[PDB]
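Have a look at my_file_28.cif; it's mmCIF, C-alpha atoms:
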data_upload
loop_
_atom_site.label_atom_id
_atom_site.label_comp_id
_atom_site.auth_asym_id
_atom_site.auth_seq_id
_atom_site.Cartn_x
_atom_site.Cartn_y
_atom_site.Cartn_z
CA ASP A 25 0.00 0.00 0.00
CA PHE A 26 2.19 2.77 1.39
CA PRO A 27 5.84 3.66 0.73
CA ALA A 28 8.20 1.37 2.61
CA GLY A 29 9.36 2.71 5.96
CA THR A 30 6.50 5.20 6.47
CA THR A 31 3.93 5.60 9.26
CA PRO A 32 1.00 8.04 9.48
CA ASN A 33 1.84 11.40 11.00
CA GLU A 34 0.97 11.40 14.70
CA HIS A 35 -1.34 14.42 14.38
CA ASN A 36 -3.57 13.03 11.62
CA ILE A 37 -7.24 12.56 12.46
CA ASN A 38 -8.35 8.99 13.02
CA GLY A 39 -8.62 7.24 9.67
CA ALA A 40 -6.26 9.57 7.76
CA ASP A 41 -3.43 7.58 6.18
CA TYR A 42 -1.60 10.70 4.87
CA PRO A 43 0.49 12.62 5.51
CA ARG A 44 3.12 10.00 6.47
CA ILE A 45 6.60 10.17 8.02
CA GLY A 46 9.46 8.11 6.61
CA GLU A 47 12.25 6.64 8.67
CA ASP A 48 14.58 8.83 6.57
CA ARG A 49 12.58 11.78 8.06
CA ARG A 50 11.02 12.74 4.73
CA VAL A 51 7.32 13.66 4.85
CA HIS A 52 4.88 12.22 2.28
CA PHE A 53 1.83 14.36 1.37
CA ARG A 54 -1.08 13.27 -0.83
CA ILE A 55 -4.34 15.05 -1.66
CA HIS A 56 -7.25 14.48 -4.02
CA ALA A 57 -7.84 17.77 -5.87
CA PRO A 58 -8.90 16.92 -9.44
CA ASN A 59 -10.13 20.45 -10.24
CA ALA A 60 -7.32 22.48 -8.66
CA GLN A 61 -4.84 24.23 -10.93
CA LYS A 62 -2.03 24.26 -8.36
CA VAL A 63 -1.60 22.75 -4.89
CA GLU A 64 1.28 23.58 -2.54
CA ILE A 65 2.37 22.65 0.97
CA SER A 66 3.53 25.56 3.09
CA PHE A 67 7.32 26.04 3.03
CA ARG A 68 7.74 23.16 0.55
CA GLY A 69 6.51 24.45 -2.81
CA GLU A 70 4.33 22.82 -5.42
CA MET A 71 2.91 19.30 -5.32
CA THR A 72 3.15 16.93 -8.30
CA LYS A 73 0.01 16.01 -10.23
CA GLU A 74 -0.65 12.26 -10.21
CA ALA A 75 -3.12 10.00 -11.96
CA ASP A 76 -6.72 9.79 -10.73
CA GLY A 77 -6.81 13.48 -9.72
CA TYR A 78 -4.27 13.11 -6.90
CA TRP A 79 -1.31 15.33 -6.05
CA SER A 80 1.77 14.18 -4.16
CA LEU A 81 4.80 15.71 -2.47
CA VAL A 82 7.78 14.15 -0.67
CA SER A 83 10.36 16.21 1.21
CA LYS A 84 13.42 16.81 -0.96
CA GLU A 85 15.72 16.43 2.07
CA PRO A 86 15.23 14.81 5.49
CA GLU A 87 13.29 17.15 7.77
CA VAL A 88 14.47 18.30 11.20
CA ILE A 89 13.30 16.30 14.23
CA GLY A 90 10.38 17.74 16.17
CA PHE A 91 7.15 19.62 15.55
CA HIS A 92 6.44 21.86 12.53
CA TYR A 93 3.34 23.88 11.55
CA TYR A 94 1.96 23.48 8.03
CA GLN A 95 -0.98 24.39 5.79
CA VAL A 96 -2.26 23.06 2.47
CA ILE A 97 -2.46 25.75 -0.24
CA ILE A 98 -5.09 25.33 -2.96
CA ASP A 99 -4.61 27.78 -5.86
CA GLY A 100 -3.01 30.25 -3.47
CA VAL A 101 -5.46 29.86 -0.56
CA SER A 102 -3.85 28.54 2.64
CA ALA A 103 -5.93 26.30 4.91
CA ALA A 104 -5.57 23.63 7.57
CA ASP A 105 -5.13 20.09 6.27
CA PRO A 106 -8.56 18.35 6.33
CA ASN A 107 -6.68 15.20 7.40
CA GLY A 108 -5.05 16.92 10.39
CA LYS A 109 -5.81 17.74 13.99
CA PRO A 110 -5.72 21.50 14.70
CA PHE A 111 -2.99 23.58 16.35
CA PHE A 112 -3.14 27.32 17.01
CA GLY A 113 0.03 28.82 15.58
CA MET A 114 1.00 31.55 13.14
CA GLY A 115 -2.14 33.42 14.22
CA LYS A 116 -4.78 30.86 13.20
CA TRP A 117 -5.71 27.17 13.44
CA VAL A 118 -3.22 25.21 11.29
CA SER A 119 -1.86 21.66 11.05
CA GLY A 120 1.23 19.98 12.48
CA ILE A 121 3.90 17.51 11.34
CA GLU A 122 5.76 15.49 13.99
CA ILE A 123 9.17 14.01 13.09
CA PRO A 124 10.00 11.43 15.81
CA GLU A 125 13.26 11.23 17.77
CA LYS A 126 14.98 7.90 18.29
CA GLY A 127 15.29 6.84 21.93
CA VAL A 128 13.35 9.78 23.42
CA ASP A 129 10.15 9.43 25.42
CA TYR A 130 9.88 12.22 28.02
CA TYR A 131 6.99 13.90 26.13
CA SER A 132 5.24 10.59 25.33
CA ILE A 133 2.25 8.97 27.04
CA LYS A 134 3.60 6.42 29.51
CA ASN A 135 2.00 4.15 32.10
CA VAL A 136 2.27 6.73 34.89
CA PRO A 137 -0.34 8.79 36.77
CA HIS A 138 -1.65 11.56 34.49
CA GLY A 139 -2.64 15.03 35.65
CA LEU A 140 -5.72 16.86 34.38
CA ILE A 141 -5.65 19.65 31.80
CA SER A 142 -8.57 21.95 32.68
CA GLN A 143 -10.28 24.96 31.11
CA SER A 144 -11.17 27.63 33.69
CA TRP A 145 -13.18 30.80 32.92
CA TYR A 146 -12.73 34.22 34.57
CA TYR A 147 -13.79 37.80 33.87
CA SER A 148 -11.23 40.56 33.16
CA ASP A 149 -12.16 44.10 34.18
CA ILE A 150 -9.00 45.29 32.39
CA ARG A 151 -10.16 43.96 29.01
CA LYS A 152 -13.90 43.84 29.86
CA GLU A 153 -14.18 40.26 28.60
CA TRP A 154 -14.51 36.66 29.71
CA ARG A 155 -11.22 34.77 29.38
CA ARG A 156 -10.17 31.13 29.54
CA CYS A 157 -6.95 29.82 31.06
CA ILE A 158 -5.64 26.26 30.76
CA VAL A 159 -4.54 24.69 34.06
CA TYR A 160 -2.45 21.57 34.69
CA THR A 161 -3.10 19.94 38.03
CA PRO A 162 -0.78 17.08 39.07
CA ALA A 163 -2.07 13.51 39.12
CA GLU A 164 -2.05 13.49 42.95
CA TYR A 165 -4.15 16.68 43.27
CA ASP A 166 -7.48 15.09 44.22
CA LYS A 167 -5.94 12.33 46.36
CA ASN A 168 -4.43 14.98 48.70
CA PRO A 169 -7.46 17.18 49.45
CA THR A 170 -5.73 19.26 52.16
CA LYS A 171 -2.46 19.80 50.25
CA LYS A 172 -1.51 23.09 48.60
CA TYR A 173 0.76 23.32 45.56
CA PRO A 174 3.26 25.78 44.04
CA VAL A 175 2.37 27.39 40.68
CA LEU A 176 4.25 27.93 37.41
CA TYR A 177 2.81 30.54 35.01
CA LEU A 178 3.81 29.47 31.50
CA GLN A 179 3.42 31.69 28.43
CA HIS A 180 3.39 31.17 24.63
CA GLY A 181 4.86 33.22 21.78
CA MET A 182 3.58 35.41 18.97
CA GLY A 183 0.81 33.87 16.89
CA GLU A 184 0.01 31.33 19.63
CA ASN A 185 -2.62 31.31 22.38
CA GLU A 186 -3.47 29.67 25.71
CA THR A 187 -3.86 26.23 24.07
CA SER A 188 -0.41 26.01 22.49
CA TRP A 189 1.66 24.69 25.42
CA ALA A 190 -0.75 21.84 26.20
CA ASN A 191 -1.26 20.88 22.55
CA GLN A 192 1.86 21.19 20.39
CA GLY A 193 3.99 21.72 23.53
CA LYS A 194 2.85 18.39 25.00
CA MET A 195 3.42 19.92 28.42
CA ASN A 196 1.02 17.66 30.35
CA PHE A 197 3.02 14.53 29.47
CA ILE A 198 6.33 16.29 30.13
CA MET A 199 5.05 17.21 33.63
CA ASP A 200 3.49 13.77 34.18
CA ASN A 201 6.76 12.00 33.43
CA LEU A 202 8.98 14.42 35.39
CA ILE A 203 6.78 14.14 38.48
CA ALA A 204 6.39 10.36 38.26
CA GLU A 205 10.17 9.95 38.02
CA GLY A 206 10.79 12.18 41.03
CA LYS A 207 12.57 14.87 38.99
CA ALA A 208 10.11 17.73 39.50
CA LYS A 209 7.89 18.63 42.44
CA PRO A 210 4.13 18.19 41.98
CA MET A 211 2.98 21.60 40.80
CA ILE A 212 0.10 23.52 39.21
CA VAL A 213 0.86 25.09 35.81
CA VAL A 214 -1.27 27.95 34.44
CA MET A 215 -1.30 28.83 30.74
CA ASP A 216 -3.08 32.00 29.62
CA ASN A 217 -3.41 34.15 26.48
CA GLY A 218 -0.82 36.90 25.98
CA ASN A 219 -3.15 38.49 23.35
CA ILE A 220 -0.41 38.48 20.73
CA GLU A 221 -2.11 36.36 18.06
CA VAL A 222 -1.38 39.19 15.56
CA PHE A 238 2.20 44.11 22.00
CA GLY A 239 0.86 42.20 24.99
CA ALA A 240 1.50 45.29 27.12
CA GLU A 241 -1.60 44.66 29.28
CA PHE A 242 -0.65 41.09 30.17
CA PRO A 243 1.51 41.86 33.28
CA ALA A 244 -1.38 43.72 34.94
CA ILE A 245 -3.87 41.03 33.87
CA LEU A 246 -1.65 38.28 35.30
CA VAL A 247 -0.94 40.02 38.61
CA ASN A 248 -4.35 41.61 39.25
CA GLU A 249 -6.71 39.07 37.66
CA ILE A 250 -5.20 35.67 36.82
CA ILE A 251 -3.27 35.08 40.05
CA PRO A 252 -6.32 35.98 42.22
CA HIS A 253 -8.53 33.75 40.07
CA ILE A 254 -6.18 30.75 40.39
CA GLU A 255 -5.62 31.22 44.11
CA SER A 256 -9.39 31.44 44.73
CA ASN A 257 -10.20 28.25 42.82
CA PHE A 258 -7.17 25.95 43.22
CA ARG A 259 -5.25 24.82 46.30
CA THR A 260 -2.10 26.91 45.93
CA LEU A 261 0.80 28.13 48.01
CA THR A 262 0.79 31.91 47.71
CA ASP A 263 4.27 33.09 48.78
CA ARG A 264 6.92 34.20 46.29
CA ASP A 265 9.08 31.12 46.92
CA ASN A 266 6.26 29.05 45.42
CA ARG A 267 5.53 31.14 42.31
CA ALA A 268 7.46 30.83 39.03
CA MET A 269 7.07 32.19 35.50
CA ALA A 270 8.48 31.16 32.11
CA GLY A 271 7.74 31.98 28.49
CA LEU A 272 8.90 31.25 24.96
CA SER A 273 9.89 33.74 22.24
CA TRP A 274 7.91 36.98 22.80
CA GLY A 275 6.44 35.31 25.88
CA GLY A 276 9.95 35.27 27.33
CA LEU A 277 10.09 39.05 27.00
CA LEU A 278 6.68 39.28 28.72
CA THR A 279 8.09 37.06 31.48
CA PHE A 280 11.14 39.28 32.00
CA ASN A 281 9.01 42.43 32.08
CA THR A 282 6.48 40.86 34.44
CA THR A 283 8.87 39.14 36.88
CA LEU A 284 11.64 41.75 37.12
CA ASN A 285 9.05 44.45 37.89
CA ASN A 286 7.28 42.21 40.44
CA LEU A 287 10.04 40.38 42.29
CA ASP A 288 7.86 40.46 45.41
CA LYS A 289 5.67 37.85 43.68
CA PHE A 290 8.09 35.69 41.61
CA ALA A 291 11.28 33.85 42.61
CA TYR A 292 11.92 31.87 39.39
CA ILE A 293 12.31 33.26 35.86
CA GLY A 294 12.59 31.33 32.61
CA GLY A 295 13.13 32.63 29.10
CA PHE A 296 12.94 30.06 26.25
CA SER A 297 14.36 31.56 23.02
CA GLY A 298 13.10 34.82 24.44
CA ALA A 299 14.39 37.10 27.13
CA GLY A 300 14.27 40.85 27.68
CA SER A 301 16.91 43.18 26.30
CA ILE A 302 19.65 43.53 28.92
CA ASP A 303 22.60 45.69 27.89
CA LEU A 304 25.44 44.51 30.15
CA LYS A 305 26.89 48.02 30.02
CA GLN A 306 23.69 49.10 31.84
CA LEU A 307 23.50 46.16 34.26
CA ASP A 308 23.39 48.46 37.29
CA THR A 309 20.45 50.51 35.96
CA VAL A 310 18.24 48.33 33.72
CA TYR A 311 14.83 47.44 35.17
CA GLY A 312 15.17 50.20 37.74
CA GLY A 313 18.38 48.89 39.32
CA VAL A 314 17.11 45.42 40.27
CA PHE A 315 20.53 43.85 39.50
CA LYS A 316 22.70 46.48 41.19
CA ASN A 317 23.19 44.60 44.49
CA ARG A 318 24.21 41.27 43.01
CA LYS A 319 23.71 39.00 46.01
CA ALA A 320 20.40 40.66 46.90
CA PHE A 321 19.13 39.69 43.44
CA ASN A 322 20.61 36.18 43.65
CA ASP A 323 19.01 35.65 47.08
CA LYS A 324 15.57 36.62 45.68
CA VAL A 325 15.61 34.78 42.32
CA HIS A 326 16.49 31.14 42.87
CA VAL A 327 16.48 30.17 39.16
CA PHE A 328 17.19 32.59 36.29
CA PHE A 329 17.03 30.35 33.21
CA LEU A 330 18.01 31.18 29.61
CA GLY A 331 17.32 28.57 26.93
CA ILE A 332 18.05 28.72 23.20
CA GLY A 333 18.33 26.42 20.18
CA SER A 334 21.75 25.71 18.69
CA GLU A 335 20.42 26.43 15.19
CA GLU A 336 18.77 29.81 15.97
CA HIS A 337 21.99 31.80 16.49
CA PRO A 338 22.54 31.30 20.23
CA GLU A 339 25.43 33.78 20.43
CA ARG A 340 23.38 36.69 21.80
CA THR A 341 21.78 34.54 24.52
CA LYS A 342 25.09 32.89 25.46
CA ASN A 343 26.86 36.27 25.59
CA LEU A 344 24.08 37.55 27.88
CA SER A 345 24.33 34.54 30.20
CA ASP A 346 28.14 34.57 30.30
CA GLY A 347 28.17 38.33 30.91
CA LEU A 348 25.62 38.15 33.72
CA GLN A 349 27.59 35.33 35.37
CA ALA A 350 30.90 37.20 35.04
CA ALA A 351 29.28 40.23 36.70
CA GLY A 352 27.85 38.20 39.61
CA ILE A 353 24.23 37.46 38.54
CA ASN A 354 23.62 33.70 38.60
CA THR A 355 22.03 32.07 35.56
CA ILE A 356 21.38 28.66 34.05
CA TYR A 357 22.18 28.46 30.33
CA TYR A 358 20.68 25.66 28.23
CA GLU A 359 21.35 25.12 24.52
CA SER A 360 19.11 22.66 22.64
CA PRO A 361 21.30 20.77 20.14
CA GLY A 362 20.12 20.72 16.54
CA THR A 363 16.87 22.73 16.88
CA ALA A 364 15.88 26.31 16.11
CA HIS A 365 12.90 28.63 16.79
CA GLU A 366 10.54 25.67 17.02
CA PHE A 367 8.51 23.82 19.61
CA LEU A 368 10.95 20.96 20.24
CA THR A 369 13.37 23.60 21.56
CA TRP A 370 10.69 24.69 24.04
CA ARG A 371 9.66 21.16 25.02
CA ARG A 372 13.30 20.58 25.94
CA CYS A 373 13.52 23.90 27.81
CA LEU A 374 10.53 22.97 29.98
CA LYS A 375 12.06 19.56 30.65
CA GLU A 376 15.26 21.32 31.84
CA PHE A 377 13.55 24.17 33.75
CA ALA A 378 10.72 22.50 35.72
CA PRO A 379 13.00 20.14 37.75
CA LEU A 380 14.78 23.24 39.10
CA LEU A 381 11.67 24.80 40.67
CA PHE A 382 10.51 24.97 44.30
CA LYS A 383 13.53 23.25 45.89
CA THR A 384 14.78 25.84 48.38
#

If you convert what's in this file into structure tokens, what do you get?
Amino acid sequence: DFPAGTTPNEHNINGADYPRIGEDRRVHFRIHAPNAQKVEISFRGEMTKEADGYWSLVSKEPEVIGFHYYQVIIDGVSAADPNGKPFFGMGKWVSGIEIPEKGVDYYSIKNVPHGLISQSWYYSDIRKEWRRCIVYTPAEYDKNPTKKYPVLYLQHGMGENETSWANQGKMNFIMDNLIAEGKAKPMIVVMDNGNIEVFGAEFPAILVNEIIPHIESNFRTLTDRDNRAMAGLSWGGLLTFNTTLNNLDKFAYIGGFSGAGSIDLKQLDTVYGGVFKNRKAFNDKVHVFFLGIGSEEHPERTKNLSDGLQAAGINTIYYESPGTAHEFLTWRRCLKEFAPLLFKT
């Protein structure tokens, strides 16, 4: 039937045999479009017209491991693949290719206790609208009815929304596996909408004045700064820097995944209103200051920032994801590196 060495893409709907992934990491696309003049796949050019009204396309070169957004393009009109499950990225609902990694399973479903992923609604006076956040509770949450948990606030990038970390980021299985293996503390994770679907400038006030009170009123949480963390990817990492460094009374852990605020080391003593000027005071308040980056997305700026902070006396953790770029596998790996560091003082 199918080309040798291929399996259906993980994110196909049930019953969809294409697209398929080869063991050489080439992707095989196939679509029935007898009346179309031209069909393309995003970032891959034109498909080849086949007999019986079909079009086909196989990657010219092996694709990079990990998760990639795509759309089908019919005579210039881009749309989600009808054979695909939906992912919110690039500002709309699109499709996703998954190229598997050999010998890796930390974001896979395993026979371990699984936490819930929950939608929770709250009203924002700042934006005068109802809003939904996505909340991970650990598998043990309901079995420990008197226990309170620390909270990580986890933010997406440009063109994404509050669903992206739990869907293409696979964060619930990453947390499930880390907690089951004893590597991370049981924790609540809250994912909200930066409103940057396409500058998010309202989000810090929404998070501090609306989201945090909502979560603490409706989930069993520890509410002191030593039990509150924040991390974000891409533009969400800049939101995290701006939110945390201006609210150190509420956050003791900071993570930027391919993101980060602009810190000019020449201005280290004055940026963010002088928060870094007394080095040990800052280090005593922020237990984890994490900078992650992909090796293939020009890590030099991030590494120079980390090395320069360290040389000047501000502690950091630098993590470089080998072989990935500005893509979700980078951020899956960042979470896997960052979450085990939290809430262990």

*List the neighbours of residue 190 in chain A out to 9 Å using all atoms listed in the file; skip same-chain residues closer than 4 positions along the sequence, and give me the result as a ChimeraX atom specification.*
/A:141,158,160,186,194-197,215

*Between A:259, A:254, A:87, A:182, which is the closest to residue 162 in chain A once you count all atoms listed in the file?*
A:259

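Take the PyMOL selection byres ((chain A and resi 118) around 8) and apply it to this file: it picks residues 93, 94, 95, 103, 104, 105, 110, 111, 112, 113, 114, 116, 117, 119 and 120 of chain A.
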
Save the residues we just selected, C-alpha atoms, as a CSV table (one decimal), in the coordinates of the input?
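File produced: again-v7.csv:
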chain,number,residue,atom,x,y,z
A,93,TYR,CA,3.3,23.9,11.6
A,94,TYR,CA,2.0,23.5,8.0
A,95,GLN,CA,-1.0,24.4,5.8
A,103,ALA,CA,-5.9,26.3,4.9
A,104,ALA,CA,-5.6,23.6,7.6
A,105,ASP,CA,-5.1,20.1,6.3
A,110,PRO,CA,-5.7,21.5,14.7
A,111,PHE,CA,-3.0,23.6,16.4
A,112,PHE,CA,-3.1,27.3,17.0
A,113,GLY,CA,0.0,28.8,15.6
A,114,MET,CA,1.0,31.6,13.1
A,116,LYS,CA,-4.8,30.9,13.2
A,117,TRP,CA,-5.7,27.2,13.4
A,119,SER,CA,-1.9,21.7,11.0
A,120,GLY,CA,1.2,20.0,12.5

_Show me, as JSON, numbers by chain, the residues that have an atom within 9 Å of residue 198 in chain A when counting all atoms listed in the file, minus same-chain residues fewer than 5 positions from it._
{"A": [130, 131, 132, 133, 193, 203, 371, 374, 375]}

*Between CA of residue 180 in chain A and CA of residue 271 in chain A, what is the distance, to one decimal in Å?*
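Separating CA of residue 180 in chain A from CA of residue 271 in chain A is a distance of 5.9 Å.
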
_Quick one: residues within 12 Å of residue 308 in chain A, only C-alpha atoms, excluding same-chain residues fewer than 3 positions away - as number ranges by chain?_
A: 302-305, 311-318, 321, 348, 351-353

_Pairwise distance for CA of residue 137 in chain A and CA of residue 89 in chain A, rounded to one decimal in Å_ =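 Atom-to-atom, CA of residue 137 in chain A and CA of residue 89 in chain A are spaced 27.4 Å apart.
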
*Might you pull out every residue within 12 Å of residue 85 in chain A, with all atoms listed in the file counted and same-chain residues fewer than 2 positions away left off, and present them as a list in words?*
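Final neighbour list, sorted by chain and number: residues 46, 48, 49, 50, 51, 52, 68, 81, 82, 83, 87 and 88 of chain A.
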
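Each of A:100, A:338, A:115, A:27 was compared to residue 221 in chain A using only C-alpha atoms, and A:115 turns out to be the nearest.
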
*Would you work out the distance separating CA of residue 174 in chain A from CA of residue 151 in chain A, expressed in Å to one decimal?*
27.1 Å

_Which residue is closest to residue 188 in chain A? Choose from A:66, A:147, A:370, A:282 and count all atoms listed in the file._
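Closest to residue 188 in chain A of all the choices is A:370.
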
On this structure, the PyMOL selection byres ((chain A and resi 373) around 9) would catch which residues? List them as a short mmCIF file (atom, residue, chain, number, x, y, z; two decimals) with C-alpha atoms, in the coordinates of the input, sorted by chain and number.
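What ended up in out.cif:
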data_model
loop_
_atom_site.label_atom_id
_atom_site.label_comp_id
_atom_site.auth_asym_id
_atom_site.auth_seq_id
_atom_site.Cartn_x
_atom_site.Cartn_y
_atom_site.Cartn_z
CA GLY A 294 12.59 31.33 32.61
CA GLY A 295 13.13 32.63 29.10
CA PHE A 296 12.94 30.06 26.25
CA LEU A 330 18.01 31.18 29.61
CA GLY A 331 17.32 28.57 26.93
CA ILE A 332 18.05 28.72 23.20
CA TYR A 358 20.68 25.66 28.23
CA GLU A 359 21.35 25.12 24.52
CA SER A 360 19.11 22.66 22.64
CA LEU A 368 10.95 20.96 20.24
CA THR A 369 13.37 23.60 21.56
CA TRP A 370 10.69 24.69 24.04
CA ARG A 371 9.66 21.16 25.02
CA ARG A 372 13.30 20.58 25.94
CA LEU A 374 10.53 22.97 29.98
CA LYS A 375 12.06 19.56 30.65
CA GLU A 376 15.26 21.32 31.84
CA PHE A 377 13.55 24.17 33.75
CA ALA A 378 10.72 22.50 35.72
#

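Taking all atoms listed in the file into account, residue 361 in chain A lies nearest to A:333 out of the set A:252, A:333, A:347, A:218.
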
Take range 133-150 of chain A, model N, CA and C atoms, and hand the result over as an mmCIF file, in the coordinates of the input.
data_model
loop_
_atom_site.group_PDB
_atom_site.id
_atom_site.type_symbol
_atom_site.label_atom_id
_atom_site.label_comp_id
_atom_site.auth_asym_id
_atom_site.auth_seq_id
_atom_site.Cartn_x
_atom_site.Cartn_y
_atom_site.Cartn_z
ATOM 1 N N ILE A 133 3.179 9.529 26.056
ATOM 2 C CA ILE A 133 2.250 8.970 27.040
ATOM 3 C C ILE A 133 2.830 7.664 27.556
ATOM 4 N N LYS A 134 3.055 7.597 28.862
ATOM 5 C CA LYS A 134 3.600 6.420 29.510
ATOM 6 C C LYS A 134 2.609 5.930 30.560
ATOM 7 N N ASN A 135 2.855 4.723 31.065
ATOM 8 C CA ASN A 135 2.000 4.150 32.100
ATOM 9 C C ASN A 135 2.403 4.732 33.463
ATOM 10 N N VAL A 136 2.060 6.005 33.640
ATOM 11 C CA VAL A 136 2.270 6.730 34.890
ATOM 12 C C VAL A 136 0.995 7.494 35.208
ATOM 13 N N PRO A 137 0.828 7.956 36.448
ATOM 14 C CA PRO A 137 -0.340 8.790 36.770
ATOM 15 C C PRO A 137 -0.348 10.058 35.916
ATOM 16 N N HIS A 138 -1.521 10.416 35.398
ATOM 17 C CA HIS A 138 -1.650 11.560 34.490
ATOM 18 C C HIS A 138 -2.468 12.670 35.142
ATOM 19 N N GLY A 139 -1.912 13.890 35.141
ATOM 20 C CA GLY A 139 -2.640 15.030 35.650
ATOM 21 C C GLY A 139 -3.735 15.492 34.689
ATOM 22 N N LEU A 140 -4.659 16.290 35.206
ATOM 23 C CA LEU A 140 -5.720 16.860 34.380
ATOM 24 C C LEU A 140 -5.253 18.134 33.690
ATOM 25 N N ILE A 141 -5.755 18.356 32.477
ATOM 26 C CA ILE A 141 -5.650 19.650 31.800
ATOM 27 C C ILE A 141 -7.058 20.239 31.776
ATOM 28 N N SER A 142 -7.242 21.401 32.416
ATOM 29 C CA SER A 142 -8.570 21.950 32.680
ATOM 30 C C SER A 142 -8.734 23.350 32.099
ATOM 31 N N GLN A 143 -9.900 23.612 31.511
ATOM 32 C CA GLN A 143 -10.280 24.960 31.110
ATOM 33 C C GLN A 143 -11.026 25.648 32.255
ATOM 34 N N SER A 144 -10.611 26.872 32.581
ATOM 35 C CA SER A 144 -11.170 27.630 33.690
ATOM 36 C C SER A 144 -11.479 29.051 33.218
ATOM 37 N N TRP A 145 -12.716 29.508 33.422
ATOM 38 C CA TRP A 145 -13.180 30.800 32.920
ATOM 39 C C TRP A 145 -13.139 31.877 34.012
ATOM 40 N N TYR A 146 -12.727 33.091 33.636
ATOM 41 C CA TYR A 146 -12.730 34.220 34.570
ATOM 42 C C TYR A 146 -12.982 35.507 33.785
ATOM 43 N N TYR A 147 -13.461 36.526 34.488
ATOM 44 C CA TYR A 147 -13.790 37.800 33.870
ATOM 45 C C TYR A 147 -12.664 38.800 34.108
ATOM 46 N N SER A 148 -12.272 39.531 33.062
ATOM 47 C CA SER A 148 -11.230 40.560 33.160
ATOM 48 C C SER A 148 -11.875 41.938 33.107
ATOM 49 N N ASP A 149 -11.755 42.699 34.201
ATOM 50 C CA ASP A 149 -12.160 44.100 34.180
ATOM 51 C C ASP A 149 -11.236 44.944 33.303
ATOM 52 N N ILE A 150 -9.969 44.544 33.189
ATOM 53 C CA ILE A 150 -9.000 45.290 32.390
ATOM 54 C C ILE A 150 -9.371 45.259 30.915
#
